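Okay, structure first, notes after.
Protein chains: 2
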Amino acid sequence: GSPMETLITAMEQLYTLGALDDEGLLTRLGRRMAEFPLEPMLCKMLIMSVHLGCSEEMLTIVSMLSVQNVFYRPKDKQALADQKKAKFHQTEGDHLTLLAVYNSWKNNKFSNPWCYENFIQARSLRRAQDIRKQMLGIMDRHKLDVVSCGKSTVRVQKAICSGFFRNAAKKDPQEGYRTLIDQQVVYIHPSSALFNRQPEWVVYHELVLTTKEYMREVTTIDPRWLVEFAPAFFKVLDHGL
Amino acid sequence: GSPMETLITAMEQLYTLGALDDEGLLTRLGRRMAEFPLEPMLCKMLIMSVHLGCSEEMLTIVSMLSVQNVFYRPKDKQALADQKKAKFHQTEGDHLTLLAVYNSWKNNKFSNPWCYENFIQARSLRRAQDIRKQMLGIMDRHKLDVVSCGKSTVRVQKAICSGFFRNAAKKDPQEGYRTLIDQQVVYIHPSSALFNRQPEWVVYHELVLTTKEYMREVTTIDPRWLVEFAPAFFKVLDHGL
Ligand SMILES: [Br-]
Ligand SMILES: [Br-]
Ligand SMILES: [Br-]
Ligand SMILES: [Br-]
Ligand SMILES: [Br-]
Ligand SMILES: [Br-]
């Protein structure tokens, strides 16, 4: 709400992400993050994916998160659109579902008819593709290794967690989820890949208030990853686990 | 042009202003600055005006800088509008001219007819007045002393310099001014109180490119003040004086 306030908040975020050290200087991680034109949590998870051996997947995920409407859901074809979407649904959640969508598009030869059949916006995937190429070019310039996790997608989940631990939520016994940061009651959106399999712990990309305070893009986590990637930030009960 | 880049730049600014120490922690100055909803250079000069004994004037100046069109200049009354404006012109420049305008408005009983006579936008002064009251309320909450410099307006110039040293410019022998920060050729606007008395050294509020790269709101400085208020930032030849 004021230049100084938001600057201080952003500085604190950088420290917790590992971008700044105890003396407030940029770390190697911070320097690398700074080369990308993304918001800091996205930069963090991209760099970490290099260390976690899943930068091939993360480049795609980051690009998919940077575009708007990937799926469309016509009023008269809702069950069909949901059926086609659910085929992409991954058990680990929304980020890996976005990866699945992009990879399928690629494997089906970047086909507009295929996008139409599956209720996917071809224009959004094309923009995602452009962004990915840009991000890959930055990776290559600064010798940041691009590798795939293959079937070991737990490494993708961990990388997301290393960036978005601040957005951790634990399932509430009575209703929805409670955020760890300030105990806000939040919910998994009906469109989420996790809506019918709501796990104990998640991180979310962002919060959006519509019908309820909804989490947008949720990924399943192990609570121990919070301590692994943000050991100063969490207490084995700051915020309890 | 990217979240990380602009954040790093803003952090560097805070350090040079004295808002952050060598370990990147908020100083007493930084903590005080953070209570105001202004851009950091404005916050700096407001806090410093407390130490320099001119916070009465600075509250007014900061409020006047926070509003849009104070003077108006009708096409058919240009010489008259300029004549009425020049009556407010202070030898030290634009910031002290803004102070003179507000104080005269007050001394003439906040009169709309008076504003009309002098080609001043009454609505802009009213908004400036509202902002001043808000800023004064923040000063009072945190026990930041409000005092006047009286006739010793050099203290106002020094306070401006302590905040805006980054925007220092030295007069170029051949044409206009050269900024100290990156040697950009810049000019005093025809509307400035300093246009017909262009001094050796100035600081400016901002740069605006119109007909030329124009400095907007210039105040005369002594180059020694740059060393006084930013001793690590300037060389007695970083940037030469
Ligand atoms: Br690193
Ligand atoms: Br983000
Ligand atoms: Br888009
Ligand atoms: Br102070
Ligand atoms: Br400013
Ligand atoms: Br205004």
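Here the protein sequences come in this chain order: A and A'. A prime marks a further copy of an entry chain.
Numbering-wise, the first sequence is residues 948 to 1184, 1191 to 1194 according to PDB author numbering.
Numbering-wise, the second sequence is residues 948 to 1184, 1191 to 1194 according to PDB author numbering.
Even for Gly, the Cβ is constructed at its ideal location relative to N, Cα and C.
TODO: Would you please verify whether the beta carbon of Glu1147 (chain A') is less than 9 angstroms from any beta carbon of chain A?
DONE: no
Task: Straight-line gap, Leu973 (chain A') to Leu954 (chain A') (C-alpha atoms, nearest Å) - done: 16 angstroms
Task: For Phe1111 (chain A) and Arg978 (chain A'), the rounded distance between their alpha carbons - done: Our two residues, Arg978 (chain A') and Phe1111 (chain A), have alpha carbons roughly 28 angstroms apart in a direct line.
Task: Beta-bridge pairing of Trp1148 (chain A') - partner residues as DSSP gives them - done: Partner(s): A':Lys1117.
- [ ] Compute the minimum distance between the beta carbon of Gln1145 (chain A') and the heavy atoms of ligand 6, and state whether it is under 8 angstroms.
- [x] In this structure, ligand 6 has no non-hydrogen atom nearer than 8 angstroms to the beta-carbon of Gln1145 (chain A').
- [ ] Would you mind working out which of A':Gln1068, A':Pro1146, A':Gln1145 sits nearest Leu1045 (chain A'), comparing C-alpha positions?
- [x] A':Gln1068
Open item on the list: Please determine whether the Cβ atom of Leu964 (chain A') lies at a distance below 8 angstroms from any heavy atom of ligand 5.
Closed with: no
- [ ] Please report the Cβ distance between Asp1077 (chain A') and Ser1002 (chain A'), rounded to the nearest whole angstrom; I am assuming they are in contact, meaning their Cβ atoms lie under 8 angstroms.
- [x] Contact doesn't hold; Cβ gap of about 18 angstroms is too wide.
Open item on the list: Short of 6 angstroms in beta carbon distance, which residues of its chain neighbour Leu999 (chain A'), apart from the five on each side in sequence? Order them along the chain.
Closed with: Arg1102, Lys1105, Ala1106
Open item on the list: Here's the rule I'm using: 16 or more other beta-carbon atoms within 10 Å means buried, otherwise exposed. How should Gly1040 (chain A) be labelled?
Closed with: buried
Open item on the list: Would you say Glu1175 (chain A') lies against chain A (beta-carbon separation less than 9 angstroms)?
Closed with: no
TODO: Name, please, each residue of chain A whose Cβ falls closer than 8 angstroms to the Cβ of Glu959 (chain A').
DONE: Per Cβ cutoff of 8 angstroms: no residues; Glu959 (chain A') is ~11 angstroms from chain A at best.
- [ ] Could you tell me which of A':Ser949, A':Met1086, A':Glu986, A':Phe1018 sits nearest to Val997 (chain A'), measuring between CA atoms?
- [x] A':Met1086
TODO: Using 10 angstroms around the beta-carbon of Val1009 (chain A'), count the other beta-carbons present and answer buried if the total reaches 16, otherwise exposed.
DONE: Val1009 (chain A') counts as buried, since at least 16 other C-beta atoms from the protein chains shown sit within 10 angstroms of its C-beta.
Open item on the list: Is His1152 (chain A) a contact residue of ligand 2, with contact defined as CB to any heavy atom under 8 angstroms?
Closed with: yes
Open item on the list: Any residue with its C-beta under 5 angstroms from a non-hydrogen atom of ligand 1 counts. Can you list them all in chain order?
Closed with: That gives A:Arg975, A:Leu976.
TODO: My understanding is that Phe1181 (chain A') touches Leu1194 (chain A'), with C-beta atoms under 8 angstroms, so please give their C-beta distance in whole angstroms.
DONE: 6 angstroms
Task: Pairwise C-alpha distance: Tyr1124 (chain A) and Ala1116 (chain A) - done: 6 angstroms
Task: Cutoff 8 angstroms; reference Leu961 (chain A); Cβ partners in own chain excluding five residues on either side - done: The residues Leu967, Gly977, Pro987, in chain order, have a CB closer than 8 angstroms to that of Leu961 (chain A) in the same chain once the five nearest residues on each side in sequence are set aside.
Open item on the list: ligand 2 and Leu1045 (chain A): does the residue's C-beta get closer than 8 angstroms to at least one heavy atom of that ligand?
Closed with: No, the Cβ of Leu1045 (chain A) stays beyond 8 angstroms of every heavy atom of ligand 2.
Task: Residues that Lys1182 (chain A') bridges to, as DSSP identifies them - done: A':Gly1193
Open item on the list: So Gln1145 (chain A) and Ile1135 (chain A) are supposed to be a Cβ contact under 8 angstroms. How far apart are they, rounded?
Closed with: 6 angstroms
Task: Under the three-state DSSP convention, the category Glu1153 (chain A) falls into - done: strand
TODO: Out of A:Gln1130, A:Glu1164, A:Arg1020, A:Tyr1151, point me to the one whose CA is closest to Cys1062 (chain A)'s CA.
DONE: A:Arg1020
Task: Under 7 angstroms by beta carbon: chain A' residues contacting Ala981 (chain A) - done: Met951, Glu952, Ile955
- [ ] Measuring from each Cβ to the nearest heavy atom of ligand 6, keep the ones under 5 angstroms and list them in chain order.
- [x] A':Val1014, A':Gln1015, A':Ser1071, A':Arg1074
Task: Helix, strand or coil at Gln1037 (chain A') [DSSP, three-state] - done: strand
- [ ] From the DSSP output, in three-state form, read off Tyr1019 (chain A) for me.
- [x] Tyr1019 (chain A): coil per DSSP, three-state reduction.
Open item on the list: Among the candidates A':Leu1173, A':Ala1033, A':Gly971, whose CA atom is the shortest distance from the CA of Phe1018 (chain A')?
Closed with: A':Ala1033
TODO: Return the chain-ordered ranges of every alpha helix (DSSP H) run that is complete within the stretch 1057-1131 of chain A' and spans a minimum of 4 residues.
DONE: 1059-1064, 1069-1088, 1101-1111
Open item on the list: Below 8 angstroms, is the gap between the Cβ of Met988 (chain A) and the nearest heavy atom of ligand 2?
Closed with: For ligand 2, at least one heavy atom lies less than 8 angstroms from the Cβ of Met988 (chain A).
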